[PDB]
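Enquirer: Okay, handing you the structure first.
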Amino acid sequence: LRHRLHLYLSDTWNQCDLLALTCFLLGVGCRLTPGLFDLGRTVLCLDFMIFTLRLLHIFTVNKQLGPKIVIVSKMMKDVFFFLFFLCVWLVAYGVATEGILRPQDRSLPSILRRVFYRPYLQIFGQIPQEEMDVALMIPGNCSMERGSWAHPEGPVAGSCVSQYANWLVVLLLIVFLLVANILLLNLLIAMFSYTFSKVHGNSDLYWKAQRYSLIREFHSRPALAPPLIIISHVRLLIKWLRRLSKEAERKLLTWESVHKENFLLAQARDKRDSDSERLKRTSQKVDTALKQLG
Amino acid sequence: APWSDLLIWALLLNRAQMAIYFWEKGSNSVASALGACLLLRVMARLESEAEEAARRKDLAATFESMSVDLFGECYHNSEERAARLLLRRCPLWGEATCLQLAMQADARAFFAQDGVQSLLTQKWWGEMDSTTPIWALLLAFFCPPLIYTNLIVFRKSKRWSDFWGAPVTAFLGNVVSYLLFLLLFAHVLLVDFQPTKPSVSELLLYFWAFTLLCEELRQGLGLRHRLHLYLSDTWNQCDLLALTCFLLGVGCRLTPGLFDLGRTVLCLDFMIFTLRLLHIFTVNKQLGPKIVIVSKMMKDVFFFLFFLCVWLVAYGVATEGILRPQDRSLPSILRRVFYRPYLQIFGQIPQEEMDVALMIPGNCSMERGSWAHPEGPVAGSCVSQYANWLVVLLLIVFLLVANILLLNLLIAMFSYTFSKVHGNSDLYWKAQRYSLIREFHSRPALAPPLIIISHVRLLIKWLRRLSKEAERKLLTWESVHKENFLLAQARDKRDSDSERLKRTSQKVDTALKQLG
Amino acid sequence: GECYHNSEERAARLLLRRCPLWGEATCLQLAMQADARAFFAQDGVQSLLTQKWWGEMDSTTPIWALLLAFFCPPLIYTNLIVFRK
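Chains as they are written, first to last, in the numbering used here: chain A, 55 to 348; chain B, 4 to 519; chain C, 512 to 596.
Here you go:
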């Protein structure tokens, strides 16, 4: 039974349906031990997300929702282009801003929050101006170091930040919102529109072909709900331990042969009455007339 | 040898049917059709009469179409033997390869074939299989003795030099070492950047940028025409720009009076080295053509900025004029005129700075009229209450025009431009893809940090100073497919309806002459 | 179309010519009053309007050279802007 298991493991949603239950076994296993309670609760929460996303595969049999769910997976090359161009621009903006401003709280997760995580949320309209603009801040001698310094509001924005060349930090803010929120987001809408109109026909043909397989696999199931299927697996397990008429077919096939003969005759009459074939027969008749005059 | 001399003669004098007949009788036909296309386009630029220039360009498009069709049939028979047909130094055309003749002729319909693009993928993967997944290459790259296993299918000391000699691994080692340069630049700039003396890791950074400068100088020398072809480009001006700002940054950093200026220039220099990354990944099949399309959207962006700046000046000055804030410094006025209406496009709408009903009134001004006090260190200290409903009404009109007209019309212009441009951008990318593979083929075969020993090897080297019958079996196979192609083209032309109507008309003319 | 594909200088002199049979009006003025919009959409007519736009200067002069010659009025007498169209 190795070829069956490798045809099962070859798929994608069957790897996912295996994945949800492996994380369930890891979650309950860590939950029952008296030292790993919080780890087991965390794994079970991430396991809830996988069982919920299984729902999207169940509803691919529906006439209305089905073909649209099929198209969603074919937009991911455009999304991956968006993430590549974004991460290049997010590293460049985030490190340059964190470098000109010189915050004094320099833990490694605090720096990674200000470099990667704060410019990521500015795409979604979350622009903290009182963390990176000195005119919105209270100055003072907060640093025992040469230069001007100012104190931002927030537990995580650094405790004391530099005032030198702050107009360049504001100007990088203007350029970042221009490139990210105007170029990248509107070009991504342009690429989704192009890809959707290009792909929509082949996705509908692929869905109509697979729709028979989905109906046929709901036809052959244990005929009870999953909570109650255990009595049908017991019925199957004890069963494992124990081990059109003729003239209606003829009337059917003669009817089919009638329509085949009408189809071939109508195809032959449409081929004979075309203009190119009639030009061939006219050319042969004139050839006969030259032979009669010859 | 006779037909080749008559072919060159007919191309040099612009005789069309003469040159096509002399092409059909000769041999070595794919290379000679690409050389014909090259020679005619060089002449058509160097022309005075407009009619003769258009005549040479039309006849060059005929030869490009014939080389496309002939290689089509030679590829549909055998792929291995057509692969040996392109990669062959043609001795009749200066021992140049057919891909080099198609490159210099700008024959972009020849590169758009699926056969040529498959052979460029096999040239890309080198000795390895061209169906190797990328995860297997990454595991074999970060485990160098994992080459000697059953992971990577070979044959499309020896096994070692067949892995590390492919152009893909030169690409992948170039990307990994450039990401480690940026990670070192960020560690120096964000963690240990001392005010007096450069630390150990910053001196290592200076050494790395010296090796990147020597690699640019290696591609700048290898002399005035070469340097002006180098300076003519765009990303080579950028690759020169990142190192000039590095020299200005380190130069100002080492002086004891310009420390903050040098640190600021080095931060803006980090952005230029990071944006260089986008040009590196244009060789990739998935990311490459999309990166090419991004630069062709900027005329739509520049229309957006023109219409925005006109509307932003009008709204910003009218609002700053009706409200009369008392703090009237010049950078404070320029902040409220240009910078506050710019951020209202991105959802940042400060209502307590420009709406009196959200504000506390009082006699904050020694001047005639009603006055009110806004909340904020930069919104003015005291603002006018006269005709405030007009400031709110300008707020409504500004959000209507900017956030509904301009942003949604910009999405409409990006969609129109993208669908119009996408075909010519894919043809341009497929033509340039050979040049990108060929320039990763000819590199020093080490990562940039370690290329200095190969520039020393090159510098001491500077201070010291198919068989015959396999070619015949190849060219006779090509001539068989040329004869089948020309016969099938002639039989398809003869059996068309217009030609058959011509022959019918001549036969009836004969019958009138027999009756006459 | 045919008169432009032979010679561009001579077709340029063909349009800009006071036709004495039609009230000494130019061919561009007759096409303007007739609302002949397919006549103006030609690449030849649009090239002659670009040359009429740039005047005596070359029609391939970049805009930065014009700006530098505008804010430096004695910089006209240099080798920046090609003259005689």
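Even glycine gets a Cβ: it sits at the ideal position worked out from N, Cα and C.
So which residues on chain C does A53 (chain B) lean against when the C-beta distance must stay under 8 Å?
Expert: Ordered by position in chain C, the residues that pass the 8 Å Cβ test against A53 (chain B) are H516, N517, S518 and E519.
Enquirer: Once the 5 residues before and after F91 (chain A) are set aside, which same chain residues still bring their CB inside 7 Å of it?
Expert: Here the set comprises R85.
Enquirer: Rounding to the nearest angstrom, what Cα-Cα distance links residue 522 (chain B) and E356 (chain B) in this structure?
Expert: Coverage of chain B is limited to positions 4 through 519, which leaves residue 522 (chain B) absent and any answer about it impossible.
Enquirer: So, using beta-carbon positions, are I165 (chain A) and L193 (chain B) closer together than 8 Å?
Expert: yes
Enquirer: With a threshold of 8 Å, are at least 3 pairs of Cβ atoms found where one atom belongs to the region 295–302 of chain B and the other to the region 418–432 of chain B?
Expert: With a cut-off of 8 Å on Cβ pairs, the region 295–302 of chain B is in contact with the region 418–432 of chain B, counting three or more such pairs.
Enquirer: Taking contact to mean at least 3 C-beta pairs separated by less than 8 Å, is the region 524–536 of chain C in contact with the region 31–44 of chain B?
Expert: Inter-segment contact for the region 524–536 of chain C and the region 31–44 of chain B is absent: fewer than three beta-carbon pairs are separated by less than 8 Å.
Enquirer: Given a cut-off of 8 Å on the beta-carbon distance, is the pair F594 (chain C) and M568 (chain C) in contact?
Expert: yes
Enquirer: Could you spell out where the beta strand (DSSP E) holding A375 (chain B) opens and where it closes?
Expert: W374 to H376
Enquirer: Can you give me the Cβ contacts of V149 (chain A) inside the same chain, cut-off strictly under 8 Å, excluding the 5 residues immediately before and after it?
Expert: Same-chain partners within the cutoff: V169.
Enquirer: If the cut-off is 9 Å on Cβ atoms, which residues from the region 501–515 of chain B count as contacting chain A, listed in chain order?
Expert: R503, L504, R506, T507, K510, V511, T513 and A514
Enquirer: Quick one: which chain A residues come within Cβ less than 8 Å of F349 (chain B)?
Expert: Around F349 (chain B), the beta-carbon contacts reaching into chain A at under 8 Å are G179, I181, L231 and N235.
Enquirer: Give the list of continuous alpha helix (DSSP H) stretches no shorter than 4 residues that lie fully inside the region 122–164 of chain B.
Expert: 137–144
Enquirer: Mind checking if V133 (chain A) is an interface residue toward chain B, Cβ cutoff 8 Å exclusive?
Expert: no
Enquirer: List, in chain order, every chain B residue whose beta-carbon is nearer than 8 Å to that of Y218 (chain A).
Expert: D263 and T267
Enquirer: Is the region 10–30 of chain B close to the region 55–69 of chain B, with three or more CB pairs under 8 Å?
Expert: yes
Enquirer: Indicate whether at least one CB of chain A lies closer than 8 Å to the CB of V340 (chain B).
Expert: no
Enquirer: Give, in chain order, every residue of the region 114–138 of chain A whose Cβ lies closer than 9 Å to some Cβ of chain B.
Expert: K131, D132, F134, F135 and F138
Enquirer: When DSSP labels each residue in this structure, what does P292 (chain B) get in the three-state scheme?
Expert: helix
Enquirer: Report the residues of the region 371–385 of chain B with a CB closer than 9 Å to any CB of chain A, ordered along the chain.
Expert: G379, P380 and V381
Enquirer: Check the Cβ of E152 (chain A) against every Cβ in chain B and list those closer than 8 Å, keeping chain order.
Expert: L193
Enquirer: Per DSSP, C530 (chain C) forms a beta bridge with which residues?
Expert: C:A536
Enquirer: Assign residue 535 (chain B) to one of three DSSP states: helix, strand, or coil.
Expert: In the structure as shown, chain B starts at 4 and stops at 519, and residue 535 (chain B) therefore has no counterpart that could be examined.
Enquirer: Would you list the residues sitting across from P364 (chain B) in a DSSP beta bridge?
Expert: The secondary-structure analysis by DSSP pairs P364 (chain B) across a beta bridge with B:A375.
Enquirer: Tell me the rounded alpha-carbon separation between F310 (chain B) and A382 (chain B).
Expert: 26 Å
Enquirer: Anyone know if the C-beta pair for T277 (chain B) and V142 (chain A) falls short of 8 Å?
Expert: yes
Enquirer: Could you work out which residues of chain B lie near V145 (chain A), taking near to mean beta carbons separated by less than 7 Å?
Expert: Residues of chain B passing the Cβ test: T277.
Enquirer: What residue range is occupied by the uninterrupted alpha helix (DSSP H) comprising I407 (chain B)?
Expert: Where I407 (chain B) is concerned, there is no enclosing alpha helix (DSSP H), given that its DSSP letter is neither H nor E.
Enquirer: Quick one: using the 10 Å Cβ neighbour count with 16 as the cut-off for buried, is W163 (chain B) buried or exposed?
Expert: exposed
Enquirer: For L439 (chain B), I'd like the list of residues in its chain whose CB is within less than 6 Å of its CB, leaving aside the five on either flank, ordered along the chain.
Expert: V286
Enquirer: Work out the CA separation of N316 (chain A) and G38 (chain B) for me, nearest whole Å.
Expert: 57 Å
Enquirer: What residues are listed by DSSP as bridge partners for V386 (chain B)?
Expert: B:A375
Enquirer: Per the contact definition of three or more C-beta pairs closer than 8 Å, is the region 378–394 of chain B in contact with the region 316–330 of chain B?
Expert: With the cut-off at 8 Å, the region 316–330 of chain B and the region 378–394 of chain B touch.
Enquirer: Measuring CA to CA, which of B:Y437, B:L230, B:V304 and B:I363 is closest to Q120 (chain B)?
Expert: B:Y437
Enquirer: Verify whether the separation of the beta carbon atoms of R84 (chain B) and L477 (chain B) is less than 8 Å.
Expert: Yes. Within cutoff.
Enquirer: In the structure shown, what three-state DSSP assignment does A169 (chain B) receive?
Expert: coil
Enquirer: By a C-beta neighbour count over all protein chains shown, 10 Å radius and 16 as the cutoff for buried, is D329 (chain A) buried or exposed?
Expert: exposed
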